[PDB]
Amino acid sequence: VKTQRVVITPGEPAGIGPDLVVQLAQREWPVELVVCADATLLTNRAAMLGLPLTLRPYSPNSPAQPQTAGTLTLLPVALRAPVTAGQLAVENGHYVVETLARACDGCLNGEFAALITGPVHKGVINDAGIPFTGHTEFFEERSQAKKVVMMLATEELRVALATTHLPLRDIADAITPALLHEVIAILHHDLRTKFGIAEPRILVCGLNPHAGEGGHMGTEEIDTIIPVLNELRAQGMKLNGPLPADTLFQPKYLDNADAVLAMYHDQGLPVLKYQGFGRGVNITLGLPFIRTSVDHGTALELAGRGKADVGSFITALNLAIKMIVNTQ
């Protein structure tokens, strides 16, 4: 058994990502933590927080070593400008993108067994003149990925999104048998080859309230959702639904599921966040590599202060680690 390596991108320097990473470093880890970021950034922030940090260099041509408490391994990318916690900085936009580009490739190459990302600020990135829609779009394109799927998981509750950040008004047309087949395939595949579930049991939400109540609140379940499930169920895939989302989200139903397929953003996330502030993880399915992320944003306001909550990041790390195990 060879010790594995994982790359972490704290993301937005002015954000709380660097803080959270310093806290992560305060413990033992079965894998080596290769943090792609500015050393000075990590050093100062650590200092402000009052937490000891010791960076050791990324040595690719050497056996990997589990990261020991108070330490992290470094894969440097330099800040384009100095950093003051709490205040953004347009140019650091290229820095954030740099570390994201370096980490992705590392996983595309094979240097790292997984990528766990910290919160980034899109705005600042775009203002710096860089085309950026979010991590899930960045890693998707840079990997030449046919299509991915987003998931937010806690422990026993995993929710997948057929469509993501689309205005409410454009959802209906977006859900087509084409979208659904690609989607469920990647979901079912990954629940098996990543989460290690032999026979994944997916619950499926209907597009409409009450799953369209057949005759009344919509025909999308009759025209595209049901036919596709009828196909995949016949292929031995276990798919329960379309079910009204406000019936499906009960333990009587959940305690017998491996995951939930929500048709859109607000149909599945509200219950998840409610279910776990800390513990949630966003996992990108479909990517040519294991990638998880936190469930929160940059929280500039709390940066450098000394109060964080690495709960999500830690969870995203642990899960990234388990997936390694189930994918090795």
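Residue indices: 1-based, along the sequence shown.
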Once average C-alpha B-factors are taken from the entry for 48-56 and 270-278, the winner is 48-56
Mean B factor on CA atoms, stretches 81-89 and 178-186, record says higher is 81-89
Entry record, C-alpha B-factors for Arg102, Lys252, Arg169, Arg142; the maximum is at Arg142
Residue set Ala14, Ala316, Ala308, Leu24, per-entry CA B-factor max assigned to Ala308
Temperature factor at the Cα of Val7, chain-ranked in thirds, falls in the lowest
By the entry's values, the third containing the CA B factor of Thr292 is the lowest
Binned into thirds over the chain's modelled residues, the C-alpha B-factor of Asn256 lands in the middle
Tertile call for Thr133 (CA temperature factor, within chain, third-based) is the highest
So, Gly106's CA B-factor, relative to its chain, sits in which third? The middle
